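To keep things clear, I will list the structure first and then write my remarks on it.
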RNA sequence: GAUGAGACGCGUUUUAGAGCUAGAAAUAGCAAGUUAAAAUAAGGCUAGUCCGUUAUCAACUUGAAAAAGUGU
């Protein structure tokens, strides 16, 4: 008949349940396909799908870009060879051929083993004359003599293959390369960022200090010595340390809880910098960027040491000098070692396995490791001066190819290449003819806006061709339609506003955006002068004055500058108090002051006609990074400004994107008011509404406008709808799975669509890493509050962050060790006698946070009202609460709630606020999921153009079902099994349907669609529970979940009574039977047969481990190339199995080669997958199988389920390992007992029920033994781990007299033995139980393979024993 | 809150850099090392200075494929 679906969506699981009108879960008979004797199964319509997390596309992206880079570099070399070919043919016939076959061994090499000249003599002569390529290069730059064309090619190819970075635009100059200028730019950025107590550096000689050859710390200290006002541990000092190559910690600089260390050389610098910036804002971005630039400058100056006469080729010459110095230091070192320390000489120069010099050259030992190894050796010997000063400076026995070379610009290599081409120009005419060609090969770089040079068959490419010919670096300008390509690039890179589609998002550094956020922060500011004694929000004229006078004059605006230079100067206000903002304004007009600094025309910046122009400029500077396209898009504004300001404007760059569009900020308009969002921000009368409040407020047309615009025109794919969502690929996977689950479920019900689909987005439980974070935050809160107040409670009563987890103790320190309602001190060691009271009663709102809790000796002190605490207490305690407020012991809202009786008490607006707080879902992703399901379910229409909604999609908060569990003892213990997902889905269905039955008029709150909004008057009564069933009022008490309860305890202690049967007032429908329905729910939760399905997946990804192992005679290794034998060349190891396969055939055995029929489980690697799926029989026959049955070849992905004896189940993890496949179903009584036993001390409830719960735990001690018996039988049946079971049984016997709480906790830990999935090690008391793995996989070959549908309701069971 | 475009430098693996002197070998004494080529998922056809590690995937039937169907 009629039914509804409950859903619990997660990132690794999807819970689902089908309920009837009586809140019951149907049990149905399902057909069983396959080849067994089972043709039918009885199943409950409840279950949960399990699956591995979806992965982000980052790794794939990195790999892809890397491949493109390798390809394009190789293509550059091919261009060079293409130019050199014809003239090389006259010089050497097999030069390039010999170069190509360099990797091959002499056996597979058709030509001479000697690459360059083909004969050993010229090769030896060459290598002796030039021990590095830089020698040859430096010669080719400095020799007028005719040179061999082959060596010329070697130089050019070396310069092209490793061409250097493109971080610097234009010609190389000291302004953007020298240490001094970049240091000045750095301190300029610093002073710009601060301007209050800034550092001024004019006399300083940054080059002489930073570029000097000394140790890092001493260089840092030497720079610090020139700055008396700043210190090494300061922010600037840490920046310098960062630029030098150290690892500074910025934790102390910002008082962050977690230490934040940054190292530029470290590969993980970027995401760390992004985290830090995420914490402190993107204003400091340019600062760290300047630090990076300075670092590159210092490194580049450190390598280019040969600045003696500045002749020739400085880079190559410097590498030469490094070679010479290396030789000298080496021979000197060998001399010293041989002289003083004859022993262990072999370990240093021959062993190489323990990071010696031989390990430094022939082994995998870095420079820092080599330094670390030889440091004590140098310390022990004498005459080791000079070698150590070079070692500490990281310039001892350096190689020419190191990690430092990243700082080398391409302009240098361009210089040497131009030089060489110029030197050999007249000798070889084709160098003169093809000079610009080679130079173009080195200098050409594909722009971001052009992308992959594809021709239609690339998923990632978008570029447009103005011709049909192969793109080269030389004809790129005349073949690539840069305009259309840039346009497509723009269309792709512009994301759309999540709030408002069909509207492009503005840049993060847009002027209108900065105006928006500035006014948004400014509108929430209240000021109190001397006389009015009441807080007043800023008026429109005041806001405009503040913006124009302050925000358009300074980058940073502080409260002191605000009161001093505005209120006192213009408003003539001597004393002012501000609550809205803290120390300064977080928002700023950065772009405004940037452009002001650039063009130096202030009036032009304030013309409202030039807004679109400036926005266009900012958009252009945000989108592109290439100089030419920027010049093209800024050519229209050439008449506006010229010369210096134009170039400087083109040099300016912006990065980042906002979240909002222009049409949202200052486009859509309220019908009645005629004011946009920004207009409301600037002027809104007495009360000032922020952005989120205008979106929220239903009194305006904005919410309607945002909603009606959400659906894009036409209907696209499901995949696109999911892709458009704002969430991780994991939750998107979960969403898709959820949709499919709904489809199968409605198929099961004879294609009848449900009345309701209730949705919950499962919350991620504490990762415990934040479990220390909360204690740290509350601890810091306590210390700051104490330091502010001045009561040395921490002295007389010392505490640590661990003990502060207790509610009453935390409140004790929060309340200055004083009673909240009474003027008396609290008893430190009698907190058990003390009660925790709610400021807003549970009858009105379910808020158990610290925000709504107080500690007092008796909650009778709150007074006689069923409301907030009385006025008689507020008037008395207002001062103390005001002292606790400004000391940050409590929040503003808590103070507002404590002093609500002074303002009349609770109101209809407050109660409505409570209802909206309980019933509405803030998460956007959930609303979008509900939108998807609604769109998929309802597709019928009528005669008019009206949408018929047959299926209602209800959205629920997790708090409702969670509190539902806690209030009526339907307790959850995740460690037992995976049933709790399904259970959560069921309870969601129940609560959702109950709520839609009880309050149909509140449909607009949870249900997706365009409904009658309704108001606050019709829902909430004026006062009391007046006239039952004689009024239209739905509820006087603002808590929606009260009708489930039999009794309602107010803040007085008075017990209100509710009927045994709850019914709707308007339609006279029974919504809840407090006996039978709770009995039904408990019965459902007690059912042992729940459909748990693990999604089977083919493994995808890299072929194997990426480490290239050296050559060995083993045949296990995989060839790097099909021609390259691993025995001679080496290869990869540890392949990854995509899936396994079941094969029945025959093989050759013995000398007689007799065929024996076999049934085996073969693993198909990801590499082998293509070949196997292309033609399986030939693949298997090549593998060695004979007479294969193509029909019986069975695909077995990971987590393939098999059933064996006595209902024992195993999942296929790999070709050679299994996982546990069974779920231990534990009775509800044991679950509740375990919860109550574990949650013994932390009950957090009223004493009456709590004591009864304690007694409930104590009375049922036998439950421990019963549970152990359950686990024992279950393990003996399906786990089969006798040793571990014996160990945990004995360990259980040892601690029988132990307290029930810890014992129950250890049983909860013990559940890991029986958990579904891969075996894991767990700790039981003192005993540690290691995993009992299932290494054997043969039993599967004769078990029953179970093919499960997504819900598990449809089964296809294959008895593999019958196959053979 | 996901998805994308450009580029650099290491790393690793083979080969090229002739090891020299004794001793029947076994094994001993030293001389030197810094660089380069090439590969960097095997590969694919659509042959692009493109694509190849994300997403997606129970079984069966029908389809080249998107996708439809099959079970009170």
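In our numbering, the protein residues as written are -1 to 1362.
Ideal Cβ positions, reconstructed from N, Cα and C, are used throughout, including at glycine.
Which of helix, strand or coil DSSP assigns to residue i
i: residue 836; result: strand
i: residue 1437; result: Outside the shown range of the chain (-1 to 1362) lies residue 1437, about which nothing can therefore be said.
i: residue 164; result: coil
i: residue 441; result: helix
i: residue 690; result: helix
i: residue 1217; result: strand
i: residue 347; result: helix
i: residue 477; result: helix
i: residue 1432; result: Since the displayed the chain opens at -1 and closes at 1362, residue 1432 lies outside it and no answer follows.
i: residue 407; result: strand
i: residue 467; result: coil
i: residue 251; result: helix
i: residue 548; result: helix
Counterpart residues of residue i in DSSP-defined beta bridges
i: residue 939; result: 945
i: residue 1068; result: 1061
i: residue 11; result: 48
i: residue 1133; result: 1102
i: residue 1199; result: 1209 and 1344
i: residue 754; result: 2 and 950
i: residue 379; result: In DSSP, residue 379 forms no bridge with anything.
i: residue 1322; result: 1325
i: residue 655; result: 505
i: residue 1138; result: 1161 and 1194
i: residue 932; result: Bridge partners of residue 932: none, in fact.
Residue i and residue j closer than 7 angstroms at C-beta
i: residue 1209; j: residue 1199; result: yes
i: residue 4; j: residue 15; result: yes
i: residue 161; j: residue 429; result: no
i: residue 1077; j: residue 1159; result: no
i: residue 239; j: residue 249; result: no
i: residue 910; j: residue 869; result: no
i: residue 1236; j: residue 1302; result: yes
i: residue 131; j: residue 121; result: no
i: residue 659; j: residue 498; result: yes
i: residue 174; j: residue 182; result: no
i: residue 541; j: residue 577; result: no
i: residue 1045; j: residue 1053; result: yes
i: residue 565; j: residue 574; result: yes
Proximity test, residue i beta-carbon vs the ligand NAP heavy atom, cut-off 6 angstroms
i: residue 1197; result: For the structure depicted, the ligand NAP is absent and the ligand set is empty, with no information on it obtainable.
Exercise. Quick one: any contact between the region 150 to 167 and the region 396 to 416, if contact means 3 or more CB pairs under 8 angstroms?
Worked result: Taking one beta carbon from each stretch, the region 150 to 167 and the region 396 to 416 have 3 or more pairs nearer than 8 angstroms; the two touch.
For this session: Could I get the ranges of all uninterrupted alpha helix (DSSP H) runs contained in the region 837 to 900, with 4 residues as the minimum, in chain order?
Result: Correct list: 869 to 884 and 890 to 896.
Exercise. At which residue ranges does the region 739 to 785 contain complete alpha helix (DSSP H) runs of 4 or more residues, listed in the order of the chain?
Worked result: Fully contained in the region 739 to 785 is no alpha helix (DSSP H) run of length 4 or more.
Exercise. Counting Cβ pairs closer than 8 angstroms, one from the region 628 to 641 and one from the region 490 to 498, do we hit at least three?
Worked result: Between the region 628 to 641 and the region 490 to 498 there are fewer than three C-beta pairs closer than 8 angstroms, too few to call the two in contact.
Exercise. Within the chosen definition, does the region 1250 to 1260 reach the region 1270 to 1289 through at least 3 CB pairs nearer than 8 angstroms?
Worked result: With a cut-off of 8 angstroms, the region 1270 to 1289 and the region 1250 to 1260 do not count as touching, because too few Cβ pairs lie within range.
Exercise. At a cut of 8 angstroms, does the region 267 to 281 reach the region 380 to 392 through at least three beta carbon pairs?
Worked result: Verdict: no, contact absent.
Exercise. How about the region 316 to 333 and the region 219 to 231: do they share at least three Cβ pairs that are nearer than 8 angstroms?
Worked result: Per the Cβ contact rule, the region 316 to 333 is not in contact with the region 219 to 231 (fewer than 3 Cβ pairs under 8 angstroms).
Exercise. Are the region 1191 to 1207 and the region 1327 to 1346 in contact at 8 angstroms, needing three or more beta carbon pairs?
Worked result: Verdict: yes, contact present.
For this session: State whether the region 1269 to 1281 contacts the region 1231 to 1246, with contact taken as three or more CB pairs (one from each stretch) at a distance under 8 angstroms.
Result: Cβ pair count under 8 angstroms is below three, so no.
Problem set entry | the region 832 to 847 / the region 869 to 880 touching (three or more Cβ pairs under 8 angstroms) | These segments do not touch.
Problem set entry | Segment contact, 8 angstroms Cβ cut-off, at least three pairs: the region 1088 to 1097 with the region 64 to 78 | Put simply, the region 1088 to 1097 does not touch the region 64 to 78. Fewer than three CB pairs are less than 8 angstroms apart.
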